[PDB]
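Notes to accompany the following structure.
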Amino acid sequence: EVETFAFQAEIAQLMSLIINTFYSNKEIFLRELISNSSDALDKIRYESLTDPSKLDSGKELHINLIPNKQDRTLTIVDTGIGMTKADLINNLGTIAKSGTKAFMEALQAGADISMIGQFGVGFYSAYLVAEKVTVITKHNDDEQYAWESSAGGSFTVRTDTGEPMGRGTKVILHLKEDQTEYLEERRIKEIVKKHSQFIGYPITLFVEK
Ligand SMILES: Nc1ccc(-n2cnc(Cl)c2Cl)cc1
Ligand SMILES: Nc1ccc(-n2cnc(Cl)c2Cl)cc1
């Protein structure tokens with residue numbers, strides 16, 4: 001049972017800009033996704049200060065980077081607060097709409113794509129390198145869900161039947177054909193050190209077999 005939703009016109013028109021605009025500095029997608037993971041870890045950590053039972057779904061707060069050359073996928077895993085069903089359909093779209101509109105006014109006023117994080121819509125930077133993004137998320141107050149979109153104006157939301165996650169968000173980037181450099185070990189290390197050096201959570205690179 002999969003529900004298909006239409007992107008808001010402002011968001012879909014931002015995603016088409018990100019996918020079609022010639023922009024070589026694509027490496028900033030990792031900074032934006034890690035920064036989003038850092039924010040999610042900050043939220044569950046703050047909640048645990050007054051309610052230790054919020055960590056019953058997982059005490060460790062970290063970010064894991066899992067490249068896969070065979071599947072041509074780069075996975076960013078965090079144990080943050082996760083996302084509810086209302087987040088994936090209603091709440092985050094409201095924040096995305098106001099942030100997208102402001103980001104696009106700035107893009108016409110000289111700003112470039114790399115400043116997407118200053119508007120709170122840094123997740124859409126994943127489509128600089130990915131032709132399809134699958135998001136597995138689990139919130140303490142909801143069930144595990146699967147978000148997926150190949151852009152094109154629509155996304156899907158469904159209950160995830162796969163491996164239980166406990167708590168957090170897993171972003172699976174199905175990379176484009178010419179973006180496989182972000183599956184290399186030394187390339188990921190250079191980007192993490194350059195852009196995410198001061199993230200207050202351990203970022204572990206899972207190196208392949
Ligand atoms: N509308 C809307 C829904 C989810 C997101 N989102 C942010 N981080 C991840 Cl992962 C996802 Cl999915 C963004 C916008
Ligand atoms: N709380 C909260 C979580 C994620 C986002 N977010 C990031 N990238 C996009 Cl797109 C969105 Cl929406 C915004 C707020």
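Nothing in this text is a laboratory measurement; each read-out follows from the coordinates by a stated rule. Cβ: placed from backbone, ideal geometry, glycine included. Neighbour counts: every protein chain shown.
Please work out how much length the chain gains when fully extended from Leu49 to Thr21, using 0.36 nm per residue of separation minus the C-alpha to C-alpha distance, in nm with one decimal.
On the way: separation 28, 0.36 × 28 = 10.08 nm, distance 4.35 nm.
Difference between extended and current length: 5.7 nm.
Kindly give Rg over Rh for the stretch 88-209, based on alpha-carbon atoms, with the Kirkwood expression for the hydrodynamic radius.
Value, to two decimals: 0.97.
Roughly how many debye, to the nearest 20, is the charge dipole of the stretch 2-197 about its Cα centre, given +1 on each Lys and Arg Cβ, -1 on each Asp and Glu Cβ, and no other charges?
300 debye
In straight Cα distance, which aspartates and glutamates are under 16 Å from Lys97, not counting same-chain residues fewer than 8 positions off?
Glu10, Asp87, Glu105
Please order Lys101, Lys54, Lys209, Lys193 by the number of other Cβ within 10 Å, starting at the fewest.
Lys209, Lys193, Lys101, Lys54
Just going by the charge dipole of the stretch 73-164, with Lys and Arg at +1 and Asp and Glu at -1 on Cβ, which of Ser154, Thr84, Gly122 is farthest out on the positive end?
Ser154
Among the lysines, which fall within straight-line cross-link reach of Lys54, defined as a Cα-Cα distance under 18 Å, with same-chain neighbours fewer than 8 residues apart omitted?
Here the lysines satisfying the reach criterion relative to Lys54 are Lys43, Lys138.
Whole-Hz ³J(HN,Hα) for each residue in the stretch 65-76, computed from phi via Karplus 6.51 cos²θ - 1.76 cosθ + 1.60 with θ = phi - 60°, x for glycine and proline: what do you get?
Residue by residue, the stretch 65-76 yields 10, 10, x, 9, 6, 5, 7, 6, 10, 10, 10, 10 Hz.
Starting from the stretch 149-202, pick out the chymotrypsin sites (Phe, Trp or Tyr not before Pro) whose DSSP state is loop and whose Cβ has at most 13 other Cβ atoms within 10 Å.
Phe198
Need one number for the stretch 19-89: average projected area of the convex hull over its C-alpha atoms, nm². All intermediate terms of the calculation are to be shown ahead of the outcome.
On the way: hull surface 27.7 nm².
If you wrap the Cα atoms of the stretch 19-89 in a convex hull and average its projections, you get 6.9 nm².
Quickly estimate the mean residue ellipticity at 222 nm for the chain, helices only: each DSSP H run with n ≥ 4 gives -39500 (n - 2.57), and the total goes over all residues, rounded to 500.
It lands at -10000 deg cm²/dmol.
Could you put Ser149, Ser53, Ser98 in order, starting from the residue whose Cβ has the fewest other Cβ atoms within 10 Å?
On the way: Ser149 22, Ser53 9, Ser98 13.
Arranged by neighbour count, lowest to highest, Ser149, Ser53, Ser98 become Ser53, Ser98, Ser149.
Give me the number: length gained by fully extending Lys193 to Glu208, i.e. 0.36 nm times residue separation minus the C-alpha to C-alpha distance, one decimal in nm.
My answer for the length gained is 3.4 nm.
Note the full-extension length gain between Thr161 and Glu184 as 0.36 nm times their separation in residues minus their Cα-Cα distance, in nm to one decimal.
Gain on stretching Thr161 to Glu184: 5.3 nm.
Starting from the Kirkwood radius over alpha-carbon pairs of the chain, derive D by Stokes-Einstein at 4 °C in a medium of 1.567 mPa s and give it in µm² s⁻¹.
Value of D from the Cα-based Kirkwood radius: 74 µm²/s.
Taking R0 as 30 Å, what FRET efficiency do you get between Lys176 and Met115 from their Cβ-Cβ distance, rounded to the nearest 0.05?
Efficiency, rounded to the nearest 0.05: 0.85.
Charges at C-beta only: +1 for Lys and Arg, -1 for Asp and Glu. How large is the resulting dipole of the stretch 68-152 about its Cα centre, in Debye rounded to 20?
Roughly 160 debye, rounded to the nearest 20.
Using the Cα gyration tensor of the stretch 27-134, with a ≥ b ≥ c the square roots of its eigenvalues, what is the shape: rounded (a/c below 1.5), prolate (a/b larger than b/c) or oblate (neither)?
Since a/c reaches 1.5 but b/c is at least a/b, the shape of the stretch 27-134 is classed as oblate.
Sum up the charges of everything whose Cβ sits under 13 Å from the Cβ of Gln118, counting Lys and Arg as +1 and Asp and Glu as -1, but leave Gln118 out.
Summing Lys and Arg as +1 and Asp and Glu as -1 gives -2.
Taking the highest mean first, how do the peptides 118-124, 161-167 order by number of other beta carbon atoms within 10 angstrom per residue?
So the order, starting with the most tightly packed, is 118-124, 161-167.
Return the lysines within reach of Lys194: Cα separation strictly under 16 angstrom, same-chain partners fewer than 8 residues apart disregarded; answer none if there are no such residues.
By straight Cα distance, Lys194 reaches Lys26.
Would you mind calculating the relative contact order of the stretch 2-197 from Cα pairs under 8 angstrom and at least 6 residues apart, reporting the percent as a whole number?
This gives 32 percent for the stretch 2-197.
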